[PDB]
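[1] Got an experimental structure here, sequence first:
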Amino acid sequence: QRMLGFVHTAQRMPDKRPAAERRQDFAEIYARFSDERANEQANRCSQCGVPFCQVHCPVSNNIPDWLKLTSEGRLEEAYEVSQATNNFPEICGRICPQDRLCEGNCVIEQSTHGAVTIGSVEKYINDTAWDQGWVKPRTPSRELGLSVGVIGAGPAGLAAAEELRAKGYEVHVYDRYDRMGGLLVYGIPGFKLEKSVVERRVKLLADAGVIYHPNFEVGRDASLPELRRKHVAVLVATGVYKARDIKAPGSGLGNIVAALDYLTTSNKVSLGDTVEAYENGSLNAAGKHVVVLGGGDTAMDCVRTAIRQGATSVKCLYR
Amino acid sequence: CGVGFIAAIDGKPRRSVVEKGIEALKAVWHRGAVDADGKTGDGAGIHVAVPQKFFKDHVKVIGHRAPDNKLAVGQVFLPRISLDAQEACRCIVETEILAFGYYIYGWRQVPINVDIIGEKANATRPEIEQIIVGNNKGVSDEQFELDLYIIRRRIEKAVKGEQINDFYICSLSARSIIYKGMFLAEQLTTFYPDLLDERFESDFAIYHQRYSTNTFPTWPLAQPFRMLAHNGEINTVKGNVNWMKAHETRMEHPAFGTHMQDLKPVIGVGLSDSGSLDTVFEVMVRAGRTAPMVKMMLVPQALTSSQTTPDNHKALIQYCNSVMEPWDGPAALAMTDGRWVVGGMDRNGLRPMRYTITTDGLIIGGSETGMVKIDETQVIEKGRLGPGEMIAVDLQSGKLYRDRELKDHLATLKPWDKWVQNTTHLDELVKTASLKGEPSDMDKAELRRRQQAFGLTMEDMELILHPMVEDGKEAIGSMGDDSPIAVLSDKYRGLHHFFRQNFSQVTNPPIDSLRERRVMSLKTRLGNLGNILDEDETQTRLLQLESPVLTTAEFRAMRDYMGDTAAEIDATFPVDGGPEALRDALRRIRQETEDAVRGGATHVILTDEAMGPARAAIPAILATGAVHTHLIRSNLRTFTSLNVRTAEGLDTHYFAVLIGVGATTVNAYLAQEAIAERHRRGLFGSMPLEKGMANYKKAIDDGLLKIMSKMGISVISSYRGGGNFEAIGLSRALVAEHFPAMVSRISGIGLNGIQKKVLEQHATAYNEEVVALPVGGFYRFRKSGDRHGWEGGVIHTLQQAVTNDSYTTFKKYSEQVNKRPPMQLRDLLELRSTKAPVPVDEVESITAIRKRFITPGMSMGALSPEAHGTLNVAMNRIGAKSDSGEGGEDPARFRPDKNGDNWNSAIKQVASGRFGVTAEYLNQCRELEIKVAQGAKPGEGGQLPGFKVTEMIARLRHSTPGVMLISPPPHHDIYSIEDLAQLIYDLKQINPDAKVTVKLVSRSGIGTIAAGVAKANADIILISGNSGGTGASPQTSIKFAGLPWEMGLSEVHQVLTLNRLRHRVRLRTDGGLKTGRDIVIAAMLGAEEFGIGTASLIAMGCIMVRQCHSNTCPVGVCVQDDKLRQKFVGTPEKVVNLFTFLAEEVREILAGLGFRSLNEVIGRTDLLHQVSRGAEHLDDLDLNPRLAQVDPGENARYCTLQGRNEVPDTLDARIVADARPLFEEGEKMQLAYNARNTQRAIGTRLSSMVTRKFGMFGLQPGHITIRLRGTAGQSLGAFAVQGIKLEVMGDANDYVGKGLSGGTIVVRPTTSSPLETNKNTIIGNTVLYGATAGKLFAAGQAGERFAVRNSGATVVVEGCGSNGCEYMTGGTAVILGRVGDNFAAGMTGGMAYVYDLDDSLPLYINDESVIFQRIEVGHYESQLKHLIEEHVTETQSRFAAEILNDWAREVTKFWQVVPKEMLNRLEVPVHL
Amino acid sequence: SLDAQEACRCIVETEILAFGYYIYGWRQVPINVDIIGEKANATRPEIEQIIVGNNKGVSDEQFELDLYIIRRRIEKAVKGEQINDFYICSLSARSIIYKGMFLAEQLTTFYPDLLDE
Ligand SMILES: Cc1cc2nc3c(=O)[nH]c(=O)nc-3n(C[C@H](O)[C@H](O)[C@H](O)COP(=O)(O)OP(=O)(O)OC[C@H]3O[C@@H](n4cnc5c(N)ncnc54)[C@H](O)[C@@H]3O)c2cc1C
Ligand SMILES: Cc1cc2nc3c(=O)[nH]c(=O)nc-3n(C[C@H](O)[C@H](O)[C@H](O)COP(=O)(O)O)c2cc1C
Ligand code: SF4
Ligand code: SF4
Ligand code: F3S
């Protein structure tokens, strides 16, 4: 149908689970659309010239194109158009902060009619492609006789690796942890981003023909000149890990832990591995009073994962 | 302006004919162009018979002996400056006449009086002489005329051989002579005193006066010509000259003989359209035919598919249409063979022609019905001339043939029925073509790889192709074009982007393709050309198609029919050929074509199906142009045809240019493949493939008709191979070599650039794996596609700067705008002065600059009431002007509000639809405006969707709520430049204070038109650009029509400065103005005022959604819904801040250059330099044609006069002197005067006085009444109000009751006339054009397009003509007689009653939007009864009285015509 | 007429490019019309210059010969279509001609270019 339905419909995100139920488990809080409601919520976009929904998306997806190809069925072509310009569309639709990038700028948001649910439709039309085997690895047609190395298994590393392998080269990743995926697997908690789609995409990458080198530190187990001599080119994507600190009267007491180790132990326990810092250690918050310092989404994830594990009282201090 | 003829029916010479011809010429001085000099004219001519007695007496006086047989005289214009070229010309003439054997009597110097010619028409005056030749061989008279014709042709060729200038032969015959020159119309018998003699007596006379568009007269250009006289203009002259060049190579006739070789270039160089048509007319007449047959062949009638004409005439017109291409255009013709005297009209009937028969055996025809004075007690019949009609007088027999009698007498010479049946059609062959042999559609991969090689994107199939297959009509866009021009882009823009379409300004009206569709044909003929100077059966044996476009099955059937007579030509060039592979391929194909045509082939198929990974495809346009031009220049085009199979055609613009370049038929197979591949996926729904193909072909046909209608060409045969386009961005050499006749003012890329683009795109398509087409941004912005003028960051920065009121943010915006790569022509220019900078605080104040900007018109139909009110409030606050646009305005805002806001608009528009134009709407302004063409869509009417017309707009426009309103492309009032002058006179009479503005659109040749309208007393010219926004218009008209304003403005300025006319008008421009740099550049080019438009809408909240037509604009700018109009966020302070910043930027720039005023910079072109983009683009654009600086002289470079250009005073002045007690006390009056046809706008100034004093409805009906006796002029009582009653005894000329607003007009024949009231035409053309209230009772037959755009008037007439009640919107109209074809076309409001006797209305009516029935309700019989009773009371007719007497039996003869949209809205239903 | 100028320009450009030389562009000669009389001004033509460069690397004598042939053929072509008021005062790479119908002492006023250094 003619998709100009922002006049006689109203924005409504998919169904959310109540607050009395979210506090217990560690699963996600939203749910995938129903076909009858996604087909309607994708009909609201105005197909506007000069689409501000694209100008403010750092990857610059052709949002109106698959937003149109969704409202008329034809979900295969929509998935194709969406995947043609973004490697991790489901992770993006799950974690990308939309109130400042895409759902915060399109023409019907400036007019206070509510904004199109772009990220949820992205998730919908990209997850329904798994459920029918439409996603296939990008194997290189003609094997090229060169080798490229990358340092890091995060989003940038994985995207560059997939692109290089699609070109025809041969790639070798180098990650420090045991499970690849960067802080997408250890930093971001389980309620924001489920740990199944990450490993699904990593397994697809492995099927494409990449080579994984887990448990391999670039500082200890190797050196930059060595890897430089090995391949034709190396891509440094190691990220950032040196955390800040605070010096004040009492900054040397006990039970003053950093956020990253707490989140890492929480994710590990959510996977298993029965790390000892969770059993007998200050990385559990069963019946204690937790206080976090600093702001941003890091403090948000910390305070939420603290209130998950009991934590009779939790507070946050922003300046 | 005007043409006319007088003829004695019995065919006997008498002095009265010449006397009346001179008297008629003495009284056309009001339609011509006045001058401050008083002696300067622009042409006049008379054409009479040879007075044998005069010249025989002269010969006797010399000393010879007067011969017995008729004597011959020739009039020649010899050079005057040099006394030696005269002797050379005399030597040539004498040695050529004596070469045949005739006897020369001598030369005679025509006595003249030079003291009455102006200063410029006298500096180029030739020496006028006459030569007397006698027939001593005793040969017959027809052979004498043939010999004289051949002698004249050979003399012209000889004198053109030695390159002698200023030589002309006005006439050379023994039957007729021509006296013409460049003097005033009334000063003819003073410059040529010979006509005052008593011996000049003839039996026929023709006269003509013209209205020139420039001020450099040339004597050999005045009319009449030899055997013709034309009033109007011919549309297809560049298309007819080519086909004449093609026909010349085979025509021959045994009458001429060897001398036929001296008649090969039949159309000379340096003539006008009416000279070319005349030359071909004469060469066709001299070969055996007669004037009626040649008129029928050259300017045919409308071959309507109706049963209202006998099939004898149908066979006749079929033969005439099959033998020769028509010559279109508005035309009133008054021609004369040696024997016949014929007066005729064109196919549409745009010019007027009225005739009169007297009892003295005299017929007088002309453009007005009061030129000669005739007592009413001596006329026999008054009449008119419909479209395509003609009236003839046979002098050798002394008979008068009217239209149908002449047709019947002409259809008895040859058995056309047995000749026409030799043709064969195509649909029969497609049916007998068995449904076998359907090939396999190409694979998806092959289809994508072929589509990528031409740059087709996925939006080209989801936006502009899906509507075609789905509904059968082209798409609709909603905003102006902001894309870079074709040559300045970096993506692959096809070659069909470099050609802009053409249209017709005031000099020529367009044609309505939605209503007047019955006179437009798309026929095609294969195997048609031949000898046009014989009569046989082989001329009507050919293949006939009903459309130039073909599908694949039809093309295969046509190929099977052609068989082994066709020749297939490859059109591919090797990708690895080299740097000059395209040139070699062009030479190869243009040689193979000539080699195959000489070998007996009669069909050339230009197929490019061989495109592969190693062969690129030549662009079809360039290939077909080269081939057609080579076939034309080698005398072979008349043998074969030219069929093209292109793989790039997707829209209606590609077929347009392919057919305009010269191709015969065009088959697009890739579009059909894409359609089939999209259908097999199940996207269209449930319609079959045949339905999709039918809808696609229908859409293509309608698009071709719409494109061809923007110019006035109504037949495809005379449009093909004429090159009715304009090339922008192409080299002069390439265009002049490969394309027949086009202009390329600035140069462009040669063949190397085209080869580079083609090869790069082909490599991208065939060297990489394609998985899907690019999304592409050409109509909507995308990150991958091209660049646009309005992008996100630009808009947001501008809006923030205007809201927060910070000059620094606006400077940031202007920097962001001026830092992108070049996209328009003004980006390659650079400002560079040589003075020293001045402090910023010395330039003009900001107010004095803001009072130079305006906002263009934006109709209330497109915008919301809030946005219109906001703009009007903002502009009236700072002192500048605003505009209301079409669609009228609300009267309640005619006063300042309580807070001090002025919601009015200082500039009212006069659109084509006359949507709200009343008598009070015109007296509430400071400047009027005549919108001829819009920036976005030129040569077309503005549209308004149905749901956009709410109740408020319905009451505001006097229309039906909820129905689509499309203005007519023409004005029905401006059919030539004299019509524009008349309309300007009317508009300056109704408002004694406003200035009249004319709005044009830039193109090639606009300079002459601007110089013409400057002589019509207009004082403001507006040059819109090609990038102007709009509310609703098709995409093909947005993207491929118009030209950048930099060309039009720079041409108009130069042309006006050249004719010493720039110092009288002010120039104004708009379209694509965003920053102050553009304003300064436009001021340097010549403009003085500036229009902003779209930027204003962006300051109020518009974010370029481009959904204006769909009525769902989010911010609520262009919406009529309520819940969306609640989202308006506009504010006048925003517009004020925008204008303030724009003025401060101009102040900054002027201070930086070194001047202190915008006056010091207007016209100073030398401050502009051209810089090239670099040494990697290699575009040869030379902007010097627009940088040319003509030196003004002693006048300034801008307008240096105050007030409007005044006009001469009409009769109304005297009336205002007499009806003083009406304006001082308010008492009834009663006046009587005498009317004459040289008195225009009778009773309009009085209407202005009454409207200003009492209002439109302040006086009772009939408060002041005027009685006129005689022939009223033009625009009788235009814009009259209630309380005024004009009563005419006699007849009115034209435009009677235009813009009536409650008044009353009564027209009746005189008491002493022996004329049936219901059998003689009493009023003229375009009656009640756009009236809103009042009455009008005529006692005769109306003219043409009777009651067009009527809205509230009630009119009763005893007849009508063609296209009556066209697009009527409200009111009642009774017609007591027959009607013409296409009755009630596009009617959407009101009701009509027709008194029909012969039961023929179902044959004439256009049963598309109306239904016709019998009267069944007494409530509707009482209306008719009262109307006819009031008619009888007012006009005292006798026919209507007879009808009223026998009411019971005549009430069963009336047909009631009711629109379809008012069937469920009437209070009393029309049914039982 | 502003159309015969375009026809003449088309002819000149399509004839110069027929040999293979490279056209740099046109230039409008700055003049001062305020010193010409009344009759020598009514028939004044439009004065322009065209810049042609030798890109083929041919010698100078052959360059002059080619320019001479080009000028002759241009004159023939423009005389073909019966266009008046067209003249080529000079076409060479060695010399140039400044002439007109002004006074003898008013030359360096009508043509200020000669006042350059
Ligand atoms: C919604 C959202 C939530 C976010 N939440 C968080 C959050 O909770 N916590 C947080 O910290 N950031 C968070 N971020 C930040 C965001 O994830 C990062 O900007 C982004 O992940 C950067 O990834 P990267 O390319 O740096 O790879 P990273 O994810 O940083 O991973 C880099 C990889 O390099 C490996 N590596 C590191 N050092 C070495 C070495 N010496 N030798 C070899 N390998 C090495 C690491 O083990 C890891 O595998 C969030 C962002 C968003 C949008
Ligand atoms: C929504 C809209 C409606 C318009 N309506 C009219 C109109 O009714 N009559 C008219 O002459 N021009 C009309 N125009 C064109 C403007 O008058 C003006 O020519 C054009 O906007 C200039 O383009 P610019 O704003 O880009 O400079 C309209 C333009 C728009 C955008
Ligand atoms: S997301 Fe917003 S900007 Fe993009 S098309 Fe939809 S309404 Fe328009
Ligand atoms: S949610 Fe998707 S479309 Fe929106 S900004 Fe993030 S990646 Fe782009
Ligand atoms: S472009 Fe038109 S659709 Fe609305 S946002 Fe602006 S008025």
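    Thanks, I have the structure now. Numbers count the residues shown, from 1 in each chain, chains lettered A, B, ... in the order given. Ligands and ions are numbered 1, 2, ... in the order given.

[2] Please name the residues that touch residue B:510.
    B:503-504, B:709-712, B:939-940, B:969-970 (Cβ atoms under 8 Å, 6 or more residues apart in numbering or on different chains). Any C-beta I mention is one placed from the backbone N, CA and C, and that applies to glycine too.

[3] what's near enough to touch the residue of the stretch 751-900 of chain B found nearest ligand 1?
    Closest residue of the stretch 751-900 of chain B to ligand 1, Cβ to the nearest ligand atom: residue B:783 (21.4 Å). Shown in contact with residue B:783 (Cβ under 8 Å, 6+ apart): A:54, A:60, B:777.

[4] Residue B:401: which of the contacts of residue B:510 is nearest?
    residue B:712 (29.8 Å; Cβ to Cβ).

[5] which SS class is the residue in the stretch 1351-1472 of chain B positioned nearest to ligand 1?
    Closest contact between the stretch 1351-1472 of chain B and ligand 1, by Cβ to the nearest ligand atom, is at residue B:1461 (57.7 Å). What DSSP: H, G, I helix; E, B strand; the rest coil gives for residue B:1461 is coil.

[6] List, out of the contacts of residue B:783, those positioned next to ligand 4.
    Applying Cβ under 6 Å from any ligand atom to the contacts of residue B:783, one finds that nothing falls near ligand 4.

[7] hmm, which of those are the buried ones?
    A:54, B:777 (16 or more other Cβ atoms under 10 Å in any protein chain shown).

[8] Ligand 4 contacts on chain B?
    Checking chain B against ligand 4 by Cβ under 6 Å from any ligand atom, there are no hits.

[9] quick check: domain ranges of chain B?
    B:1-422, B:423-780, B:781-1203, B:1204-1472 (curated CATH domains).

[10] hmm, the longest one touching ligand 3?
    Right, the one you point to is domain B:781-1203. No - Domain B:781-1203 lies apart from ligand 3 when judged by Cβ under 6 Å from any ligand atom; the minimum separation is 7.5 Å.

[11] end to end, how far does that domain reach?
    Terminal residues of domain B:781-1203 are spaced 47 Å apart (Cα to Cα, to the nearest Å).

[12] Check the last one too.
    Start-to-end span of domain B:1204-1472 (Cα to Cα) is 59 Å.

[13] need the residues of chain B near chain A, please.
    Contact residues (Cβ under 8 Å from any Cβ of the partner chain) of chain B with chain A: B:458, B:462, B:479, B:769, B:771-772, B:775, B:779-784, B:788, B:790-793, B:795, B:1103-1107, B:1110, B:1112, B:1114-1116, B:1121, B:1123-1124, B:1127.

[14] ok, now with 6 Å
    Counting by Cβ under 6 Å from any Cβ of the partner chain, the residues of chain B close to chain A are B:775, B:780-781, B:783, B:792, B:1103-1106, B:1112, B:1114-1115, B:1127.

[15] and which of the residues you listed is nearest residue B:898?
    For the residues of chain B next to chain A, the nearest to residue B:898 is residue B:1127 (26.3 Å; Cβ to Cβ).

[16] Would you agree the closest one is in contact with residue B:1117?
    No - the pair residue B:1127 and residue B:1117 fails to qualify as a contact (Cβ atoms under 6 Å) at a distance of 9.4 Å.

[17] Show the contacting residues for the residue lying farthest from the centre of chain A.
    The C-alpha centroid of chain A is most remote from residue A:249, which lies 38.2 Å away (Cα atoms, centre = their mean). For residue A:249, no contacting residues are found, by Cβ atoms under 6 Å, 6 or more residues apart in numbering or on different chains.

[18] neighbours around the residue in chain B positioned nearest to chain C, how many?
    Nearest residue of chain B to chain C (Cβ to the nearest Cβ) works out as residue B:733 at 3.9 Å. Applying other Cβ atoms under 10 Å in any protein chain shown, we find 23 residues neighbouring residue B:733.

[19] for it, helix, strand, or coil?
    helix.

[20] Leaving out chain neighbours, which residue sits closest to it?
    residue C:14 (3.9 Å; Cβ to Cβ, 6 or more residues apart in numbering or on different chains).

[21] what about that neighbour, distance to ligand 4?
    54 Å (Cβ to the nearest ligand atom, to the nearest Å).

[22] Okay, and the most centrally placed residue in chain A sits in which element?
    Among the residues of chain A, the one closest to the centroid is residue A:91, at 3.9 Å (Cα atoms, centre = their mean). Element membership of residue A:91, judged by DSSP states H and E, is helix A:89-95.

[23] that older thread, which one of residue B:1127 and residue B:1117 has more residues nearby?
    More neighbours surround residue B:1117 than the other of residue B:1127 and residue B:1117, with 27 against 17 (other Cβ under 10 Å).

[24] hang on, that one is in a strand, isn't it?
    No - counting by three-state DSSP, residue B:1117 is not part of a strand but coil.

[25] I figured it hits residue B:867, correct?
    Yes - using Cβ under 6 Å, residue B:1117 is in contact with residue B:867, at 5.3 Å.

[26] any common contacting residues for the two?
    Common contact partners of residue B:1117 and residue B:867 (Cβ under 6 Å, 6+ apart): none.

[27] the strands in chain A, which residues?
    Assigned by DSSP state E, the strands in chain A fall at A:147-151, A:170-174, A:233-236, A:289-293, A:313-317.

[28] List the buried residues for the third one?
    Put plainly, it is strand A:233-236. A:234-235.
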